[PDB]
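**Q** Experimental coordinates for this protein are included below, preceded by the sequence.
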Amino acid sequence: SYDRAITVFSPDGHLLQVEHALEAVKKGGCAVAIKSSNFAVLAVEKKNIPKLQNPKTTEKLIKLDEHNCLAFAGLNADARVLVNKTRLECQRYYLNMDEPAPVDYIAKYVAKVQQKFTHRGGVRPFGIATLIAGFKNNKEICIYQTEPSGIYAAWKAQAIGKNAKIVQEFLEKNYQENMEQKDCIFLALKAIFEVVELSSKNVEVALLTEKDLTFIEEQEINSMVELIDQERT
Amino acid sequence: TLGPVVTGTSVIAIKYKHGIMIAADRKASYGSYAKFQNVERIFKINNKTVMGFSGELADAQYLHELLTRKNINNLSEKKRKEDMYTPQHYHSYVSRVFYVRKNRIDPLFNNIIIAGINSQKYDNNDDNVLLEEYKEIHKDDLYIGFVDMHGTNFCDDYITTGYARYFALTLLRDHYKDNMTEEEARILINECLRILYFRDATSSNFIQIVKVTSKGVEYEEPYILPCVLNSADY
Amino acid sequence: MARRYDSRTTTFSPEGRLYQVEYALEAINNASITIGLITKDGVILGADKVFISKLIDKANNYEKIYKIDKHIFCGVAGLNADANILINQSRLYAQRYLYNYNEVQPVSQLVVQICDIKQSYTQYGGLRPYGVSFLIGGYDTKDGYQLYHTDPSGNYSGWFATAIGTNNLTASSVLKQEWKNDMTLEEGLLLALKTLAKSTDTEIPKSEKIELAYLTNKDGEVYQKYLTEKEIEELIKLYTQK
Amino acid sequence: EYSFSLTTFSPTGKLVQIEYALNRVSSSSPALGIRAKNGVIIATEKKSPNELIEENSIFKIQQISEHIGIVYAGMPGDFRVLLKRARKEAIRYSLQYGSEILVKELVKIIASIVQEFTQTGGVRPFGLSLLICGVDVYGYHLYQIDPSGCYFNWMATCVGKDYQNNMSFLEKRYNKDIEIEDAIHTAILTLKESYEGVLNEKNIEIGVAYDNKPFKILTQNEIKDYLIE
Amino acid sequence: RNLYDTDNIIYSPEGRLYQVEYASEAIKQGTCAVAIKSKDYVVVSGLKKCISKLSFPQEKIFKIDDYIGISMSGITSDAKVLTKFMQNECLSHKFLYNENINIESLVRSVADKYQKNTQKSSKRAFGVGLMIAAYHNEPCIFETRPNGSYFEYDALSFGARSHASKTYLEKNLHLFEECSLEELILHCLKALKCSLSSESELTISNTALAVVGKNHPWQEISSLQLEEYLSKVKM
Amino acid sequence: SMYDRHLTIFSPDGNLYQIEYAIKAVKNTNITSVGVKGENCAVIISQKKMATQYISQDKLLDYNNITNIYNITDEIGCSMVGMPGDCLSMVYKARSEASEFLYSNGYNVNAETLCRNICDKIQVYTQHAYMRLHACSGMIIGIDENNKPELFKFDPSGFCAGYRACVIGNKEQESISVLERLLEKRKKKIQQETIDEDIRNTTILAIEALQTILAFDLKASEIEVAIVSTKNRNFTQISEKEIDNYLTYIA
Amino acid sequence: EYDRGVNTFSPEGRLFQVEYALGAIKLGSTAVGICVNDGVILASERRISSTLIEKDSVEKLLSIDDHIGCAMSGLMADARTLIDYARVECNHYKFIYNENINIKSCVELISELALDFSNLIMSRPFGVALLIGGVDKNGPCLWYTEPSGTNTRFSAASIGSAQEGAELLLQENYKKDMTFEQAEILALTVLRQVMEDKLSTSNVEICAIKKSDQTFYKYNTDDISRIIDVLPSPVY
Amino acid sequence: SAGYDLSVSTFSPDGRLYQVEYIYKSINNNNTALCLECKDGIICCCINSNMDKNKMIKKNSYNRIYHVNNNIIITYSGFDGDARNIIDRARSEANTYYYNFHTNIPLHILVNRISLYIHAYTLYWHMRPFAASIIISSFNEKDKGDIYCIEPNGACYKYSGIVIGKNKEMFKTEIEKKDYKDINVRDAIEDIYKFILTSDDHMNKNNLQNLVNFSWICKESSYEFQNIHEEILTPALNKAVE
């Protein structure tokens, strides 16, 4: 209804309307972010019907500011409304502080607004799990995983979305400390479609640096994919 | 509410040994024109308190409604004789409303005087809002409060407001002795009102003298007689 | 307290879905079919008129393909009643953008506005969702001809050809098998008839039926719509080659 | 917590509350609208009442503006609130633009109000169907508004009880170039055949547009001459 | 029963508001508190609750104004709302006017705060009962039930084993003439001990006690002062 | 859900059972009020009896107070029959409209506009589920600007038909027959020279109808009539001294 | 919730939501606080889900103000809004009144927000358990806020999944008089008995609020090592 | 009763409005209240029978006799909080009348305004209907007194003497024995005690100087509200019978 608590404590102590929101994330698309010395790479899963549905949906890899990534995973309906609030927030902060919003501040806000929607009355919790890549006040890259419950934490290399457990356990065993520009692409690609089909059209990968977020084009994407199927043989 | 076009005049309140004695002319003037000469400017807002008057009549009539219904609300929620509001309580209530209006710019031009007996040692726990011997009051159980339209509030032994604050005040400040008797208070008040007749244009005879004693609130209408000083010679 | 009387229309299901949106999608899967097609000349929208009676005026009106702006138009498939609520809303959005920025609103920006309002009802408010989803084809000077397919849930997607409505699968199959990337306007119109005829398993359309419209920008965004007369030639042409 | 929709999608994808409202519209007295070459006819049958009632005090055919009439078939209470609210739109429009409102914009405005009660919380859908007819600079019009809020453009229609065969009767007796005088003749006949126990006098009602004359409601003197045949 | 319980609006077929009858027994779980009214003194004592032998005893007695003090018994969070309301009410009256708030009028002002949370369905009845003990010009004790209701007493008891403490007070009529607070404070402390369970914790220096009277503003009884009182209780 | 408890929700047959139940609530009081309309004269009758409710019936109530007839303005009167609380609330709403209409339009409300405005609110209850219908059906009489009588009845369901011989109560199923029959006698009498004969043609007609609708004797202290005929136009309650005068025309 | 709202008394006198939230505070990592007469020490388990996490952004012992620090239990995301709220209220107090807030006073404003859903704005009870401590005046203080809103000052409390075991150990090994160092080694021993295999630096985040300096201090990897080496209880 | 008795805003199929008759059994299990007219003034009565086992209340603290404008007695029998809400609203209306009209509100419209305020709560989902039956009385010289009883759900009815409460059936049958409109008010106090001693089910027995308290508005009170001084109660306690 209008102004009723729809998220309330189950007799065992859990919040059922948040627990169900987590299961809405699992029915999404996997997203992977990898950190490095001074840049972060983000690779996500995209689904397009052949010959139709031009890839202008560009769900994941959302620009927030000059240097702020966002690769959500969950209900695309709630993705736009949550993202647009941050973009509204990012400029307001850059107006009240005259300095671009750091990655940590944006993650704290996204975690705040998400947790706000599971505490107010007559509002459904966001069915979205996001991860943000950006630079702090000091120039230092960071990735901030987020959950629909509002919990957030910084991660070196985290995977969210559909069957993120399999990707995470793989990503945990072969992550180097400071990988190369072409290594981070490979690790993200090798991990993103460990659960996704090996086709190069399914994955969309972009790399974030100190300036001018760069989208990786299909040339090397196809090139590295052909380097992975032979890895699987 | 904006400009005092229908003004009252000075009222004089002194406390004598049997209680409060407050007097006031019964004239309200339309500027320089004595439009009404039988209006009363001393209201009874409680069995033991009375309310003064000066300046605009509309504002002081509106203020009387507030104090009147404040009494009845007290009277409804009254269980014993000690629950009744003291004259000091109304003074601190009139002070607050004048001040609240002063923060805004609608000050309801007035110089209200609140007087009465601030004690319950003289029994009146039988209230007839709609219709023996005097006692000696220690002069500390009597309250005579003043409220300027800026909110300036204070209490004293003889509060003269309006225009008697220049003539009657000098007489009282060198003649008011403690524990004045009944008729001695009146001859002192009468001497103060007579001067205002000669020296105030917006004043008149036909005084309304109200006394607040241990038995309650009284009323009577003299016709004080100014005629002195032999200016007739030509 | 009407707590016992509430339906909790904005509450997650045990499997992480929303039942109200789940049922709204079912409502728009029983409505008349609508076809979208992008050609090099322009974008084609053609929907099927559900038969009511021969007494319908069927001369100067049809309730499937409306006009949202001079360069944007939509083909509705779902509850016709609340479509006019969103059509009027999107008409307001496309005209207030022009009020602020002094230029026509790009299609990709109107859709996100009309999808945010469509989504907002299933996020908070305790109200039922909009049981309506419509293709929104339009021409914008930035990214040319576009075609977007909305949803009661609020999530849209760009497309080259989509066939929402009843029996959409049999109309997406024919579109997927015959939509050449580069098509002329008359070629696309024939394709629209073929997918409309096959979706409702009729060999030939009747022209008291499916209606068609397009943009075909001629540096002035002509935005023409068919009266029934022009479709006999389209029906004649389909018969000759099929 | 007191504003939540009572009209919700059923699992089979139908707004079941609307289907109930249409059930009651399909059980009221048949209203009927017919448009001709030079005017529009809206007709309803008001069942033969007791002599206690004053027949003129209740009229299912009310007038919106100079050239826009109306008739309903549903709950009389909702017609009055909708008719009164419909007249405000016809006046609010004329308070901005000089000319009298035209039917196409009036129907769209009213339909948006019928739709609101379908969606907003704590209220029920309107239990009636309207037939707004009028004369404009764009010719003659005859629209129908469902309880669902969706509106249709008609050349001839029925909304009341047993409108299935009632409208089938009109299909075989209606043509685009029908004379307005013949339209009333057909309008009487279709109501006459549907009305069981045919006593179609003192229990019928006609409203006519008459080729850009002001909308007029035929009093019974002007009706008995139409009951010969 | 099952149907006539969900909301604070439905009346049971016997005309009983269950959702305020249920909150009326939340006070029956709080620890005992006893108020005794003398000729010119009021003595309030309450048993503090220790949830563990590491935790500090929970505060039971609260001060409202110079001569007004209370002793809640119910839900602690609900009481804290009422003490703030009462404190902000006696202070405003001492600010708007220069008098002391009429204790009879103050209780009514807080007794209908219970009420406004009973008409609506978005609110719940306060789960706390109060013991408004004050000396305005005469000693007086009040008690407010979760349903809008208040009474003036001569002795009280709250909840835990109040029936045991009431028996001690119900049979003692001395309290009216019990001058010499020493003789009166013992009467209250003996009453509080009566409710206290045997073969368990005895009344120790961790039980609240406060007084208010003619020229005695609301004051706690200091532990050094309180300690000898407990000694005479053992007698 | 199965909750046809809502004030508005259409039942699967298209009916609002709450409207039917609210109408049943008016019948439960079994208070019958009859008003008939004549030539430039309107009269209205009620029963001056306790509404059939939970409280104990008449023992010490001063029966003068117990009336079902109120007046809305100096020239408009009404007879609300239903739950006593709702009837009292209905007149205050009715009084405000006629007062607001006067201030906003500078002339007294018509007897037909007042009830139409009343029905426009009773519809709001019918359509908003958050509240409940007033179980009150009232009859309103008055004189229009053409010096013609007006009689109107509204229902818990918003419906403002307006009759020329109306009955409200628990016997309207058959009272429609007698009132129709008994009103034809004044039509069979075609003298047509009744010059202000409301006293002996209309008031007596209405009292006869009440004596026939319900078969008691109609003691003058258990009925009351009110007439807004021309030459009065004031809705004055007719005194008991001449109510039993008509009751002595049983001959 | 099947036919009940948030404000509903059980037939036993207890509220339903708050007695349900009490079961939500028995899942967070164990935190142990000890209040001696020289300053409060706060210890906390660190449950690193994976080695990929940075172990720094995730934290358990924040600081409400310059002289206050707190622990957490239960819904971690639901506790940040309290600490953020308390930070504004603590700072707002320092502006209106020039001095520092009492920990007892800081807890009350947190407690009253914990039932803002009750409506005498949130909508459900907060499901956390705080362990606030500080050194305002009258020596150091240590409090403990429940979802039910009741707050009891403790001398040595414990929160988290293993709080029942930690309070069992504290309730025996705690003495009223200890030096600061005796508290530090005591807190680690309590955690060591209930934590996992390794008592490493990356497992606890002990912070102290000394009475002398009157300022919280988050122990770094160096200050935390010299306390583990003590091993006052070498029992396996 | 099959689910129609939950909320106050639902009519049962037999028309009776439940959730209001349940209130009627709530007041009818409450302490009785009495009010009757004499030839000099109204005398009221409240028998606080439920407060007999407590033995701790102050002697004459509890009092259900309230007055407004010092010349209108208001007493109730029901929930002592819900009724006290109305008294403050009754006083508000009296104040509102005086601020506008310089005159104490006439009683016959005070009962009308209170009847609407009480009834206004019987029209909604959320609002809980009041559980108090209100007795209002006033005496004048030019016109004798009059008593109104405002039951729940409006229904203000003018009486010449009424009892509301638990034993109102056994009190009325004893009051109507004598025409109190010709009986003096001083000696009517004796009569009502004989009813309290007998018609009360042993709740009050020879120790009732405290349980029952009441007041009149009579000539000896100058037609203004006044509780009877204790020096008049005991002479009326010459109840020694059998």
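**A** Done, it's in. Residues are numbered from 1 along each chain as shown, chains lettered A, B, ... in the order given.
**Q** Please make it C-alpha for all contacts and neighbour counts, starting now.
**A** Will do.
**Q** do stretch D:203-217 and chain F meet?
**A** No. Stretch D:203-217 lies apart from chain F when judged by CA under 8 Å from any CA of the partner chain; the minimum separation is 15.1 Å.
**Q** start to end distance for that stretch?
**A** 14 Å (CA to CA, to the nearest Å).
**Q** so how far is the top helix by length along chain E off the chain centroid?
**A** Scanning chain E for the helix with the most residues, using DSSP state H, yields helix E:76-96. Taking CA atoms, centre = their mean, to the nearest Å, one finds helix E:76-96 lying 15 Å from the centre of the chain it belongs to.
**Q** now stretch H:220-227
**A** 17 Å.
**Q** which parts of chain C sit against chain F?
**A** Residues of chain C lying near chain F (CA under 8 Å from any CA): residue C:5.
**Q** now do 10 Å
**A** C:1-2, C:4-7 (CA under 10 Å from any CA of the partner chain).
**Q** which of those are buried?
**A** Buried members of the residues of chain C next to chain F, scored by 16 or more other CA atoms under 10 Å in any protein chain shown, are C:1-2, C:5-7.
**Q** now the strands for chain C?
**A** C:34-38, C:43-47, C:65-69, C:72-78, C:132-140, C:144-149, C:157-158, C:161-162, C:211-214 (DSSP state E).
**Q** Let me have those strands in TSV, adding distance to residue F:69 as columns.
**A** TSV is the format used below for the strands of chain C (distance: least, CA to CA, whole Å):
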stretch	distance to residue F:69
strand C:34-38	63
strand C:43-47	63
strand C:65-69	57
strand C:72-78	54
strand C:132-140	54
strand C:144-149	64
strand C:157-158	67
strand C:161-162	69
strand C:211-214	64
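**Q** would you list those in a markdown table and tack on mean neighbour count and distance to chain A?
**A** Below are those laid out as a markdown table (neighbours: other CA atoms under 10 Å in any protein chain shown; distance: least, CA to the nearest CA, whole Å):
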| stretch | mean neighbour count | distance to chain A |
| --- | --- | --- |
| strand C:34-38 | 29 | 10 |
| strand C:43-47 | 27 | 14 |
| strand C:65-69 | 20 | 21 |
| strand C:72-78 | 28 | 17 |
| strand C:132-140 | 27 | 12 |
| strand C:144-149 | 23 | 9 |
| strand C:157-158 | 22 | 5 |
| strand C:161-162 | 26 | 6 |
| strand C:211-214 | 24 | 19 |
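**Q** Indicate which one of these is closest to chain E.
**A** strand C:132-140 (34.4 Å; CA to the nearest CA).
**Q** on contacts alone, who are the packing partners of the longest helix of chain E?
**A** In terms of contacts (3 or more CA pairs under 10 Å, 6 or more residues apart in numbering or on different chains; DSSP states H and E), helix E:76-96 is packed against helix B:87-103, strand E:61-63, strand E:68-71, helix E:103-119, helix G:103-113.
**Q** Pick out the residue in chain B sitting closest to chain G.
**A** For chain B, CA to the nearest CA, closest residue to chain G: residue B:103, 23.5 Å.
**Q** so how far is residue B:150 from that residue?
**A** 9 Å.
**Q** The two: who's more crowded?
**A** Per other CA atoms under 10 Å in any protein chain shown, whichever of residue B:103 and residue B:150 has more neighbours is residue B:150, with 18 against 11.
**Q** Would you check that the more buried one makes contact with residue B:104?
**A** No. Applying CA atoms under 10 Å as the test, residue B:150 and residue B:104 come out as separate, 11.1 Å apart.
**Q** between the two, what contacts are shared?
**A** Common neighbours of residue B:150 and residue B:104, counting by CA atoms under 10 Å, 6 or more residues apart in numbering or on different chains, are residue B:98.
**Q** so what's residue 127 closest to, chain neighbours aside?
**A** I went with chain A, as the question did not name one. residue A:21 (4.9 Å; CA to CA, 6 or more residues apart in numbering or on different chains).
**Q** please go with chain D instead
**A** residue D:21 (5.2 Å).
**Q** Can you give me the distance of the one you found to chain A?
**A** Using CA to the nearest CA, to the nearest Å, one gets 23 Å for the distance from residue D:21 to chain A.
**Q** I'd like the next helix or strand past the helix or strand that residue falls within.
**A** Residue D:21 belongs to helix D:16-25 when elements are defined using DSSP states H and E. With elements assigned by DSSP H and E, the helix or strand that comes after helix D:16-25 is strand D:31-36.
**Q** biggest helix in the chain, by residue count?
**A** Here I'm looking at chain A. Max-length helix for chain A by DSSP H is helix A:76-96.
**Q** let's do chain F instead
**A** Every helix in chain F considered (DSSP H), the longest is helix F:84-105.
**Q** do chain C as well
**A** helix C:80-101.
**Q** now swap in chain G and tell me
**A** helix G:76-96.
**Q** Repeat that for chain B.
**A** The longest helix of chain B (DSSP H) is helix B:57-76.
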